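Worksheet: one structure, shown below.
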Ligand SMILES: *[C@@H]1O[C@H](CO)[C@@H](O)[C@H](O)[C@H]1NC(C)=O
Ligand SMILES: *[C@@H]1O[C@H](CO)[C@@H](O)[C@H](O)[C@H]1NC(C)=O
Ligand SMILES: *[C@@H]1O[C@H](CO)[C@@H](O)[C@H](O)[C@H]1NC(C)=O
Ligand SMILES: *[C@@H]1O[C@H](CO)[C@@H](O)[C@H](O)[C@H]1NC(C)=O
Ligand SMILES: *[C@@H]1O[C@H](CO)[C@@H](O)[C@H](O)[C@H]1NC(C)=O
Ligand SMILES: *[C@@H]1O[C@H](CO)[C@@H](O)[C@H](O)[C@H]1NC(C)=O
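Residue numbers (PDB author numbering), protein chains in the order written: chain A, 438 to 534; chain D, 19 to 613.
See below:
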């Protein structure tokens, strides 16, 4: 997605969580903006020593390598429950004989 | 919970933040270099100031983390390097004065113009004209005048500067728990906390002395050979028993002796190995020249370069409208971006320069996995050395024949190799006594053993015994001749040139024996040997993560300095030098008989 998600000055609209106190559970979203506690001293809401913002913004640009160019990822999760399966695939139709 | 995990998290914050800031400064520097414009300069200044300020605040934060309880080798390396104060250990006025001293002597040397008297209408600057007045001229008086005039004007205007420069640099090191500023430069090779591979800061001088004691016997025959060669050019100005005049070295300081290749040619009738005419005849543009290098780098085992290099690297001069730096520079911008600034021409040297510069960048992708602060070589000598073997292998006649440049029917006789061997000896062996001598004078004056009124005479006396070059006339303390060098006038370590010489030759034999070569060193073509590149990549992939002593022993098996590889390559020349030095006097005398 270099042609879309990269700007010459830098596309900073995309952020990633650099720090967290624990690993995420499967299919779990963490949008907390609380300052990460890296040291024993309390942060007190101040991003000072041993206290930093957990979210960092990606500086995507069209002049990067293949491994650093932005890549839009669409993840499909499929589930089957007791509820009826209402998501089907297309069915082919043959001419009537 | 402990201090160590705090440093790990703190380093994690630094690594991601620094790479973007480093890239912006590197991108600004890249734009400024390839496009010299007023907005480009201030962009690099603002980015450079932010980068310098970012390093300042990061260093202060890391100084609160003690180094005694850091348990793995990786973390302590980054924190030791990042906690470096630099010039900030002293007060602002002391730091600013040194920086101002650093700034002014850079400007004086860069703008240093010495011209003929009695015609002040125009003067000749050091770079364009003063380079040709000693490298092509055959006039003793013209070379002598240029030698004396430049050091007279520059030395007087740099002597008060060098007085404070040595003292202020000593203040910064001593305030940083270093014996002197020489020990500060020796700290690059320091290895601590690693068993077996441990290296001391002060151990460099004796180890360099150990390898230098074998350089002189080969250099002495070379000194006798050039002096006999110089007899034809200058019959009486150079005594057969005395040393060589300082202004007949072919260069300003005698670092490179390649300017005497025409003067000291052993067989002027025998053609060289140069096939430059082949490139223009077959229309080998610089774009395809780098393709040939890329084809060479994949033959030895190194992976091909990314597509981003092609659309980001300019290998041809932009033209008159756009001003770009023509200096050969490789650019590691970070974040997977690698570029080379090339004003490449259709010449053999540019082909070898390209191979030398891809070796820099090819080294850069090797340590890309390591953290940004550790994204460097183990020591200062590795980075240039790994690119030198690339040029050495690409310069072999077998490599030229493989890619069609040299005709397959070319005769590679012993006559066309000794002159090739001699030219390399002039460039490589010629700088070895000079590099150690000025640096050894440099650490010693940093140590303070040299009296403040006894620099030059001690320096001149060393030139009588080490390099064997006699001075034109004695110089007093009014002039500061040593500061005239480009490197010393910019606070640049010079011993790295000596280390990369041994490293280049140490790497070659280990690389050649891994390639299973049954011939001599000068015929070693490392091409089409992927197993050799993998073993070479072992040190490349380590980078600054592992000590240089450990990295060296990974390839060559010796963690310390090794002089044996150097003698092997010049062995055909070393024996040949003995053949034609029977009439001449091997060695030299400290007497000033010549001039
Ligand atoms: C170089 O700088 C000039 C002046 O700002 C600008 O007009 C030109 O487009 C630049 N060239 C490139 C290739 O960026
Ligand atoms: C030591 O700790 C550092 C912390 O980042 C880690 O990178 C390294 O792999 C560790 N070494 C060992 C042998 O566990
Ligand atoms: C850097 O300077 C600070 C204060 O000037 C000092 O506490 C610290 O020890 C210095 N760093 C080193 C490595 O000595
Ligand atoms: C590099 O080599 C790989 C494997 O041969 C290939 O897939 C890739 O396209 C090459 N890239 C370039 C720029 O030649
Ligand atoms: C090259 O080898 C031949 C054969 O031994 C010898 O006669 C000749 O002198 C040698 N030339 C040089 C320059 O070594
Ligand atoms: C090495 O490989 C290249 C490409 O496969 C080939 O052109 C070259 O001739 C090979 N080298 C030798 C010595 O055969």
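C-beta: ideal position from N, C-alpha, C; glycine also.
Same chain, Cβ closer than 8 Å to residue i, five either side skipped, listed in chain order
i, result
"residue 43 of chain D", "62, 65, 66, 68, 69"
"residue 269 of chain D", "152, 153, 275, 277"
"residue 441 of chain D", "276, 279"
Contacts of residue i in chain A (Cβ-Cβ under 7 Å)
i, result
"residue 76 of chain D", "Those do not exist, as residue 76 of chain D stays about 12 Å from chain A at its closest Cβ, beyond 7 Å."
"residue 330 of chain D", "500"
"residue 24 of chain D", "475, 476, 487"
"residue 240 of chain D", "Chain A residues near residue 240 of chain D: none, gap ~46 Å exceeds 7 Å."
"residue 31 of chain D", "489"
"residue 79 of chain D", "486"
"residue 8 of chain D", "Any property of residue 8 of chain D remains undetermined from this structure, which presents chain D solely from 19 to 613."
Under 8 Å between C-beta atoms of residue i and residue j
i, j, result
"residue 237 of chain D", "residue 447 of chain D", "yes"
"residue 509 of chain A", "residue 445 of chain A", "no"
"residue 403 of chain D", "residue 518 of chain D", "yes"
"residue 127 of chain D", "residue 452 of chain D", "no"
"residue 451 of chain A", "residue 353 of chain D", "no"
"residue 124 of chain D", "residue 102 of chain D", "no"
"residue 439 of chain D", "residue 591 of chain D", "yes"
"residue 266 of chain D", "residue 161 of chain D", "yes"
"residue 421 of chain D", "residue 310 of chain D", "yes"
"residue 485 of chain D", "residue 272 of chain D", "yes"
"residue 562 of chain D", "residue 394 of chain D", "yes"
"residue 398 of chain D", "residue 511 of chain D", "yes"
"residue 316 of chain D", "residue 550 of chain D", "no"
"residue 255 of chain D", "residue 612 of chain D", "yes"
"residue 423 of chain D", "residue 293 of chain D", "yes"
"residue 71 of chain D", "residue 390 of chain D", "no"
"residue 485 of chain A", "residue 24 of chain D", "no"
"residue 324 of chain D", "residue 503 of chain A", "yes"
"residue 553 of chain D", "residue 573 of chain D", "yes"
Chain-ordered neighbours of residue i on chain A, where CB pairs are closer than 8 Å
i, result
"residue 55 of chain D", "Within chain A, no residue comes near residue 55 of chain D; the closest Cβ sits about 17 Å away, beyond 8 Å."
Residues that residue i contacts on chain A, provided the C-beta gap is smaller than 9 Å
i, result
"residue 34 of chain D", "455, 493"
"residue 27 of chain D", "456, 473, 475, 476, 487, 489"
Beta-carbon proximity list for residue i, same chain, < 7 Å, skipping 5 on both sides
i, result
"residue 285 of chain D", "433, 437"
"residue 454 of chain A", "467, 491, 492"
"residue 571 of chain D", "577"
"residue 48 of chain D", "349, 351, 357"
"residue 247 of chain D", "281, 282"
Residue i: contacting residues in chain D (beta-carbon distance under 8 Å)
i, result
"residue 504 of chain A", "354"
Listed by chain order, chain D residues near residue i by CB distance under 7 Å
i, result
"residue 446 of chain A", "Correct list: empty, because the minimum Cβ distance to chain D is about 11 Å."
"residue 496 of chain A", "38"
Same chain only: Cβ atoms within 6 Å of residue i, ignoring 5 sequence neighbours per side
i, result
"residue 361 of chain D", "335, 344"
"residue 369 of chain D", "307"
"residue 209 of chain D", "215, 216, 217, 565, 567"
"residue 205 of chain D", "219"
"residue 141 of chain D", "131, 133"
"residue 396 of chain D", "562, 566, 569"
"residue 199 of chain D", "187, 188, 191, 464"
*asked:* Count Cβ pairs between the region 482-495 of chain A and the region 465-473 of chain A that sit closer than 8 Å; are there 3 or more?
replied: yes
*Starting from the N-terminal side, write out each stretch of the alpha helix (DSSP H) that is 4 residues or longer and does not extend beyond the region 408-438 of chain D.*
415-420
*What are the uninterrupted segments assigned as beta strand (DSSP E) that are 3 or more residues long and contained completely in the region 479-513 of chain A, given in chain order?*
492-494
*Taking contact to mean at least 3 C-beta pairs separated by less than 8 Å, is the region 565-576 of chain D in contact with the region 584-595 of chain D?*
no
*asked:* Give the list of continuous alpha helix (DSSP H) stretches no shorter than 4 residues that lie fully inside the region 184-246 of chain D.
replied: 199-204
*asked:* Tell me whether the region 388-407 of chain D and the region 517-535 of chain D touch, counting them as touching only if at least three CB pairs, one residue from each stretch, are closer than 8 Å.
replied: yes
*asked:* If you measure from each CB to the nearest heavy atom of ligand 7 and keep those under 6 Å, what residues do you get, in chain order?
replied: This structure lacks ligand 7; the ligands present are ligand 1, ligand 2, ligand 3, ligand 4, ligand 5 and ligand 6.
*How do the region 364-380 of chain D and the region 492-507 of chain D stand: do at least 3 beta-carbon pairs fall below 8 Å, yes or no?*
no
*asked:* I'd like the ranges of any alpha helix (DSSP H) spanning at least 4 consecutive residues and lying wholly in the region 314-349 of chain D.
replied: 326-330
*Does the region 79-86 of chain D come close enough to the region 23-36 of chain D to have 3 or more Cβ pairs within less than 8 Å?*
yes
*Examine the Cβ distances between the region 410-417 of chain D and the region 539-550 of chain D and report whether three or more of them are shorter than 8 Å.*
yes
*Write down every uninterrupted run of the alpha helix (DSSP H) in the region 113-188 of chain D whose length is 4 residues or greater and which is fully enclosed by it, in chain order.*
150-153
*Pair every Cβ in the region 463-480 of chain D with every Cβ in the region 172-190 of chain D, then say whether three or more of these pairs are closer than 8 Å.*
yes
*With a floor of 4 residues, list each alpha helix (DSSP H) that falls wholly inside the region 241-306 of chain D, ordered by position along the chain.*
294-299
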